[PDB]
C-alpha cells in the first residue's frame, strides 16, 4: 500500500479510472501527460485505489468512485496498491 498526495488543477487530477460493479476494484486507467498525477510521478495504471481522502473505495462501483474522486478536496490523499492482475481481469 502506498500514499500519494495530488493537488487538483482546473484540468483535474491528471488521470482516469475504470471500475466494475461493487467490490471489483477501482483502477487508474490512464495518466494524462503534464497533469498532477504525471508530474507527481508516483501514480501508475495498475494501481488499485483503496482510499480517497479516507473514503474507502474497496466496495465501490465505477460510477460511485468517479463521483467521489471528482468531488474530492483540493489536497487529494490517495491510498493505492499496485494490482496488475486485477486491472487486467477487470478489462472486459
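Numbering follows the first chain given and starts at 1.
Asker: Regarding 65-73 and 6-14, which shows the higher C-alpha temperature factor on average in the entry?
Answerer: Looking at the record's C-alpha B-factors, the answer is 6-14.
Asker: Going by the recorded CA B-factors, say which third of the chain residue 40 sits in, lowest, middle or highest.
Answerer: Its C-alpha B-factor, which the entry lists for residue 40, ranks in the lowest third among residues of this chain.
Asker: Going by the recorded CA B-factors, say which third of the chain residue 31 sits in, lowest, middle or highest.
Answerer: It falls in the middle third of the chain.
Asker: Place residue 81 in the lowest, middle or highest third of its chain's C-alpha B-factors, as listed in the PDB entry.
Answerer: Answer is lowest: the recorded C-alpha B-factor places it there.
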